[PDB]
Amino acid sequence: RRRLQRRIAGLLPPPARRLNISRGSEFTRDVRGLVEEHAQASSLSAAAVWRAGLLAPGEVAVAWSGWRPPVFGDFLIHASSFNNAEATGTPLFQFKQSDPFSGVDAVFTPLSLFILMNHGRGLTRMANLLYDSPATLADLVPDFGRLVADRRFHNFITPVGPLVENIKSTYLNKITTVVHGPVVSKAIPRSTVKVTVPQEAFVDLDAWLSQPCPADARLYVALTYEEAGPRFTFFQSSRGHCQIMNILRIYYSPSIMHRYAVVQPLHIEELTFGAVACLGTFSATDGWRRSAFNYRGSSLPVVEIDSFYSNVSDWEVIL
Amino acid sequence: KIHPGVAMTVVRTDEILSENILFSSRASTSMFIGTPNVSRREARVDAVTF
Amino acid sequence: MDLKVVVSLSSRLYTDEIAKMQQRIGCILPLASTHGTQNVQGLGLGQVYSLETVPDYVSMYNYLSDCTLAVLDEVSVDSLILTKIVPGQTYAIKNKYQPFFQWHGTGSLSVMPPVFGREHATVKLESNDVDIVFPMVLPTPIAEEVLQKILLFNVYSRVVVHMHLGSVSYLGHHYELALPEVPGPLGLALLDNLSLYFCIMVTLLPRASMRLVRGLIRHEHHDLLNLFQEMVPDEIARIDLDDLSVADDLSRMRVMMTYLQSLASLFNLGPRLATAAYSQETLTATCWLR
């Protein structure tokens, strides 16, 4: 029962939520013990490993705090199907292939997802500048025309969250993506990563309406079905999912009667006007700082959401 | 431009940006200064906000 | 992580208002911002629910999903403190709500605009000349019953049966609730989206299940069948005249179950609380935000 006191002394003290500072100039060891977060990468020695505290079970502790470690999705793709000149923080989309055993998956940037919609019928200049041939992408989806035709394209593409690591292999590329959790880059100088969505595909929804300001403003990706081929739009909102399907129906109110007026839904499966999915949360204050993405030839505008917490969801249909 | 059968008294308000002077006597108010305690609000995924 | 929001009142507070607020300790309150300190305006549901005769419940829902949520723990004179509810943390939420809904073991709580009256869940603060009202927190099935009773009174308003609709019934007690007359454009927009959903339901609904229930009413009597009063509806007669085909039925059900998930999410307005281990002797529940 005296070893119980030693075990509870090892178990009790949480990190300090409050600390009475006197001056900021002194920088006491107590406030340093408050503000310090244990790292995730260190050199390969016993001293550096024991100092960073990687070997602690569950969470890092030198020899729980509201932080969750991220999980990484490991994807193998063909080197032709992806452009190695992509930015780091760009959200991708794994397409569920129809073979029983594949080994190689199929992911799509929204730049690459644009040229599946374009052919058969600015942003498109950069998209056709990056990927030269759509036919090397339009066979990854084997039957794209049927799948768009019976409106079952939303349930075959699931989002995967932004990219973090892209090794530059020659035939079969392996990329790493954060499917859930705090998006942070795995680089030895730990640098931040900004989720980049191209500007013409990212229309804001707070300023589209034009007082209670919340913290977590979610980012919604939205597949819709158009007569000009499907479209992949991105919506930032500071509201709930219950709010987001109502306001997205109101936002798509001209487009539904457009698709109805040009084409009568002669069968029963053409009623679905696509679906939406929450890609995760970020801070509503310093969200979506505009920036640019330069290729060798041109440059398109692209939004840069910073400090994204990726959290995918299932597809909620729009009608 | 003829006169109607009635008149009006136009009231309006005019805002004036002044430069005030505040006087206050010695020892008018006793105050207790607390302690500047520091906290952690949010562990956002790249920046923590104290 | 430190979640402590102190709300400084800009004036004092009398002892009766203090004793009235002190009974409502542990009840959920919404906030304007998520910052450290706040003023008293923006607190509570009172800024959208003014001291008027006309309510609007769906606008209070749109407020509640927009704003954050907090629990009232310490109230003093000139300042009262609140504890925020951020997703990821686990909280102890006491059942200090006057219309006593008994809570389920590990069920799901659900916040709510005040359906049992303005004067019932409020505190009158003449000292800061504002009003703090308290959002109702009730379990999710009774919340769905209240929401559908409100929508059913919204649709039956051009017809009239009132007290059979205008009063919720729970095993603890049956309660009356305040019935408005018009929700303006927002409740009608919610009914518009639900009308889209219902009309597309009666487009794509299968016919073999009607052929089941038409013979089944003629075969069996059940508590799922007593409300037809042993009279098959005429639409079952004038739809079941066609034949039965399994391929078009599987084509119909692949849009039926696709739309019913979104119809389920058309009732998730207002944030939802996922609870666990509610003790009926201390009236508190270890609960966290869903």
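Details of the structure are given in the entry above.
Residues numbered from 1 in each chain as written, not as in the entry; some residues may be left out. Chains lettered and ligands numbered in written order. Part of a larger assembly, values for the part shown. Heavy atoms only, no water.

Examining the overall build of chain B
Right, on to step 1. Secondary structure assignment for chain B yields 0 helices and 3 strands.
Right, on to step 2. Each helix (α) and strand (β) of chain B, taken in turn from the N terminus, gives the series β-β-β.
Right, on to step 3. For chain B, the spread of C-alpha atoms along the three principal axes comes to 70 × 45 × 15 Å.
Right, on to step 4. Relative to its full complement of 50 residues, chain B shows a buried share of 12%.
Right, on to step 5. Total accessible area on chain B is roughly 5,300 Å²; 59% of this is exposed by carbon and sulfur atoms.
Right, on to step 6. Charge-centre separation for chain B: the mean point of 6 positive side chains lies 5 Å from the mean point of 5 negative side chains. (Helix = DSSP H or I, 4+ residues; strand = E, 2+ residues; numbered from the N terminus. Buried < 20%, exposed > 50% of the residue type's maximum accessible area, 1.4 Å probe, protein only. Areas by Shrake-Rupley, 256 points an atom, 1.4 Å probe, with all protein chains shown as cover. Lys, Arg positive; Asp, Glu negative; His and termini not counted. Charge placed at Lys NZ, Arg CZ, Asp CG, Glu CD.)

As for the interface of chain B and chain C
Right, on to step 1. Counting from both sides, the interface comprises 5 residues of chain B and, opposite them, 9 residues of chain C.
Right, on to step 2. Area buried by chain B at its contact with chain C is led by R40, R41 and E42 of chain B, which between them contribute 88% of it.
Right, on to step 3. Counting across the interface, chain B meets chain C through 1 salt bridge.
Right, on to step 4. The shortest N-O distance in the salt bridge between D2 of chain C and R41 of chain B comes to 2.9 Å.
Right, on to step 5. Linking chain B to chain C there are 3 residue pairs in polar contact.
Right, on to step 6. Among the residues forming the side of chain B that touches chain C, the class breakdown is 1 nonpolar, 1 polar and 3 charged. (Contact = heavy atoms within 4.5 Å. Buried area = accessible area lost by both parts, 1.4 Å probe. Salt bridge = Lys/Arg side-chain N within 4 Å of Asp/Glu carboxyl O. Polar contact = N/O pair within 3.5 Å; in protein donor to acceptor, adjacent residues only side chain to side chain. Nonpolar A, V, L, I, M, F, W, Y, C, P; charged D, E, K, R; others polar.)

Some thoughts on the nonpolar core
Right, on to step 1. Judged by nonpolar contacts, the single largest core of 70 residues is most densely connected at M21 and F134 of chain C.
Right, on to step 2. Apart from the residues lying within four places of it in its own chain, the contact partners of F134 of chain C are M21, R24, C27, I28, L29, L72, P114, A121 and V123 of chain C. (Core = buried A, V, L, I, M, F, W, Y, C linked by side-chain atoms within 4.5 Å.)

Here we look at the pairing of strand β5 (residues 157-166) of chain A
All names here are of chain A.
Right, on to step 1. Counting buried positions over the 10 residues of β5 gives 8, a clear majority of the element.
Right, on to step 2. In this structure, β5 lies alongside strand β6 (residues 172-182), joined through 3 bridges in antiparallel fashion. Its bridge partner being in β6, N166 is matched across the sheet by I175. (Pairing = 2+ DSSP bridges.)

Describing the environment of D73 of chain C
Residues and elements named next belong to chain C.
Right, on to step 1. Along the polypeptide, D73 turns up in strand β4 (residues 68-75).
Right, on to step 2. When the C-alpha positions of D73 and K4 are compared, they lie 9.9 Å apart, and in sequence the two are 69 residues distant.
Right, on to step 3. Each residue touching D73, except ones within four places of it in the same chain, is listed here: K4, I25, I81, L82 and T83.
Right, on to step 4. At 2.8 Å, the side chain of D73 and the side chain of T83 are in polar contact.

A few points about empty space enclosed by the protein
Vacant regions in the atomic arrangement are exposed by a probe of water-molecule size rolled over the atoms.
All names here are of chain C.
Right, on to step 1. As a volume, the largest cavity reaches approximately 180 Å³.
Right, on to step 2. In terms of lining, the largest cavity is formed by 16 residues, of which the most central are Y57, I150, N154, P180 and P183.
Right, on to step 3. When residues of the lining of the largest cavity are traced back to their parent elements, those giving at least two are α2 (57-66) and α3 (140-155).
Right, on to step 4. For the lining of the largest cavity, the element with the highest residue contribution is α3, accounting for 5 residues.
Right, on to step 5. For the lining of the largest cavity, the residue count by class is 12 nonpolar, 2 polar and 2 charged. (1 Å grid on protein atoms, 1.4 Å probe; cavity = no way out; pocket = protein on both sides within 12 Å on 5 of 7 lines; lining within 4 Å. Points joined across faces, edges and corners; volume = space filled by probe spheres on them.)

Considering the sheet that holds strand β12 (residues 299-306) of chain A
All names here are of chain A.
Right, on to step 1. Ordered by their spatial adjacency, 3 strands build an open sheet running β7-β12-β11, and the pairing between neighbours is antiparallel. A single partner strand is all that each edge strand has here, and the edge strands are β7 (194-198) and β11 (289-294). The sheet shows a mean angle of 40 degrees between the axes of neighbouring strands, direction not considered. (Axes fitted to C-alpha atoms, helices over the stretch in contact; angles between N-to-C directions.)

A short note on the interface of chain C and chain A
Right, on to step 1. Between chain C and chain A, the contact holds 31 residues from the first and 24 residues from the second.
Right, on to step 2. Between chain C and chain A the total buried area reaches about 2,400 Å² when both faces are included, carbon and sulfur atoms providing 56% of it.
Right, on to step 3. On the chain C side of the contact with chain A, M1, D66 and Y259 of chain C bury the most area, a combined 21% of that side's loss.
Right, on to step 4. Put simply, chain C and chain A have 0 salt bridges between them.
Right, on to step 5. Scanning the region where chain C abuts chain A turns up 5 residue pairs in polar contact.
Right, on to step 6. Elements that contribute at least two residues to the side of chain C that touches chain A include exactly α2, α4 (184-204) and α7 (246-264) of chain C.

Considering the pattern of salt bridges
All names here are of chain C.
Right, on to step 1. Applying the stated criterion to the full structure yields 13 salt bridges over all chains.
Right, on to step 2. Between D234 and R238 there is a salt bridge, with its nearest N and O atoms 3.8 Å apart. With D234 and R238 both in helix α6 (residues 234-239) and 4 residues apart, the pair spans about one turn of that helix.
Right, on to step 3. What makes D234 partly exposed here is its relative accessible area of 43%.
Right, on to step 4. For the salt bridge of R252 with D249, the shortest nitrogen-to-oxygen distance reads 3.9 Å. Residue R252 and its partner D249 are located together in helix α7, separated by 3 residues, close to a single helical turn.

Overview of the packing of helix α4 (residues 110-118) of chain A against helix α5 (residues 123-130) of chain A
A pair of packed helices is captured by two measures, namely the crossing angle of their axes and the spacing between those axes.
Residues and elements named next belong to chain A.
Right, on to step 1. Running from N to C, α4 and α5 cross one another at 100 degrees; their axes reach a closest spacing of 9 Å. In terms of orientation, α4 lies roughly perpendicular with respect to α5. Contacts between α4 and α5 pair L111, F114, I115 and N118 from the former with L123, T124, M126, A127, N128 and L130 from the latter.
Right, on to step 2. By residue class, the composition of the contact of α4 with α5 is 7 nonpolar, 3 polar and no charged. (Parallel < 35°, antiparallel > 145°, perpendicular 65-115°, else oblique.)

With respect to α7 of chain C
Right, on to step 1. If you check α7 of chain C, its first and last C-alpha atoms are 26 Å apart, about what 19 residues at 1.5 Å a residue would give, namely 27 Å.
Right, on to step 2. Burial in α7 of chain C covers these residues: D249, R252, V255, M256, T258, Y259, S262 and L263 of chain C. (Expected span 1.5 Å × (residues − 1).)

Regarding unusual backbone geometry
Right, on to step 1. Unusually for a residue other than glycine, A27 of chain B sits at a positive phi of about 60 degrees.
Right, on to step 2. We classify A27 of chain B as exposed; its relative accessible area is 70%.
Right, on to step 3. A positive phi angle, near 60 degrees, is found at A277 of chain C, a position not held by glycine.
Right, on to step 4. Residue placement: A277 of chain C occurs in the loop between β13 (272-276) and β14 (284-289).

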